[PDB]
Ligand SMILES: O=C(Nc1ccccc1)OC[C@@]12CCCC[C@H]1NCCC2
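Take a look at this single chain in structure tokens; it is the form solved without this ligand.
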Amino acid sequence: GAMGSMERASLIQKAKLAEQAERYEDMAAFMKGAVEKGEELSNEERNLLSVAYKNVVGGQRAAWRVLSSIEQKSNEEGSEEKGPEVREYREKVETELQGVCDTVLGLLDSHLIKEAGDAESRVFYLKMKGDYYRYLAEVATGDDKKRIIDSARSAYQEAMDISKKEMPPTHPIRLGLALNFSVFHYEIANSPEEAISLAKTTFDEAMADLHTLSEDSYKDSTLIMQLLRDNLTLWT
């Protein structure tokens, strides 16, 4: 429950319908129910899971940033006191965002990561674990911020170690992991040099491997490769 009575295949079917309807919260709940059936997910199913939550949390993070900006301006010299509402509502959004991150991190811990033995699945789930801890780090301000940052780092690092050993440098999961770990270095860990080095090296190694790819692989590696280039252009 609430998805326990629905067939696994029906939850998958509805997640795809929710995707087409851009109903990402429904899509995420259907995929959570599918994961809770206890069977490993296929490649396509892992992509549905990650798309659903990426979109839900993406909307919450964008909202949190809007409210945090407002809050920060209300705290500047000469700003009129408007009471607690900005902080209260930023906190409301923050708590819901944290709850989604905790839900995803719990699915990964119970029991996606432990049953994931192939590199494609293991690296994928570890990247998600890195991403959701990174989203927790974006709003963390307390006693726990360092440990949250280290949790993101550790998950990304293990994903990077496996992806380097087991996946070609053009593999889209390897390229996306490196893109996000580079963003983690730049904006969470205060390590813009490391972020730039990682994006550069990633991009360069992928470029040198493109010759091995079919026209279709070439297209999808080059897409993530453009996001690496976008960041390098922004950061340098």
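Residue numbers here begin at 1 and follow the sequence given.
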query	finding
Selected stretch [higher average CA B-factor]: 28 to 36 or 196 to 204	196 to 204
Mean temperature factor over C-alpha atoms, higher-scoring stretch between 227 to 235 and 3 to 11	227 to 235
Residue, from 134, 92, 73, 122, that the PDB entry assigns the highest Cα B-factor	73
Residue with highest C-alpha B-factor in the PDB entry, from 167, 51, 188, 177	188
Chain-relative CA temperature factor third for residue 106	middle
Third of the chain, ranked by Cα B-factor, where residue 41 sits	lowest
Entry-reported Cα temperature factor of residue 96, expressed as the chain third it lands in	lowest
Third of the chain's Cα B-factor distribution that residue 67 belongs to, per the entry	middle
CA B-factor placement of residue 155, once the chain's modelled residues are sorted into thirds	middle
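FYI, the form deposited with this ligand bound isn't displayed, but the following is about it.
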item	value
4.5 Å heavy atom contact, residue 225 and this ligand in the deposited bound form	yes
4.5 angstroms heavy atom contact with this ligand in the deposited bound form for residue 210	yes
Sequence-ordered list of residues in 175 to 204 near this ligand in the deposited bound form, where near means a heavy atom within 4.5 Å	203
